[PDB]
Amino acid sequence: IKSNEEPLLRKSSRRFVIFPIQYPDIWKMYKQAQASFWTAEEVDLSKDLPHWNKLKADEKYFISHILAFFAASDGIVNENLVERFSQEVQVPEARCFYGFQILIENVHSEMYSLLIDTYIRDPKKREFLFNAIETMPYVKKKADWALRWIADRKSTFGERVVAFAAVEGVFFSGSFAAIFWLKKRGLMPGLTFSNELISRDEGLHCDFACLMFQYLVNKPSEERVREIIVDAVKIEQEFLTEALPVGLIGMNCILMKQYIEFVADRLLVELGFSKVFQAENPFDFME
């Protein structure tokens, strides 16, 4: 059928057997993931509580909400996106990569839960926060975007690869940056170190999506790719400049918008297209 045209999707009995290694660049990324293996227990959280206690009320509000939003991502509709890719893609080098991605995303969920438990000890307050957060626009807007660009019956494989790249590389890009801002201020080493590992992992997942894209016979048009990414940028910008403003932790909202656009541009270039925003990176600490 039409998937025989795509080397990535062409059905074979060789999907269960790893050798011979036919895609050395995909394999190298799997080996990179294996080399990055970590577990939640490695992150020392024992020095965070004194730094937590010195944050202002507005800063605690921001951080506790960002953590809750991190936790709620795994719950969303695309709870099985990686598994869906792991099934469609027939190249065993890529299945190995996706297998590790599934494992590490479970480490991320455990890490966020541990963080929330360390900083918000009252289980009544935790329950309040989670129950509120599920009702917020950022959750709903990410789900509708995914319904529209991934779950749609008319979605092509190429479109879904771009969407997956945006999920890994645009969504939460601003939250990772906000936590790097706390690192610049010397606050909360456990939170900031875990953020470094999680951000790195998501960066690797995004790079892998862009590598898959390069192997497509049928790519979506530049116009369509822009629609998908630009829509993601608007959602993320709205969240960190209007709904939960980064001014709450002493950052400038205009520069944050500029950063999210810089991240989108970089994704477009890495997918082989031209920049749309032309935004410079405004953050020296993200250099």
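Numbering starts at 1 and runs along the sequence shown.
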Given 126 to 134 and 110 to 118, the range whose Cα B-factors average higher in the PDB entry: 126 to 134
Residue stretch of maximal mean CA temperature factor, 204 to 212 vs 84 to 92: 84 to 92
Top Cα B factor in the deposited entry, candidates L197, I179, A71, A151: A151
Options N218, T39, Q32, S64 - largest CA temperature factor per the record: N218
Relative C-alpha B-factor of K54, binned into the chain's lowest, middle or highest third: highest
Chain-wide C-alpha B factor ranking for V77, given as lowest, middle or highest third: highest
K60 CA temperature factor, ranked by third within the chain: lowest
Chain third (lowest, middle, highest) by recorded CA B-factor, residue given as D144: highest
Chain-relative CA temperature factor third for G186: highest
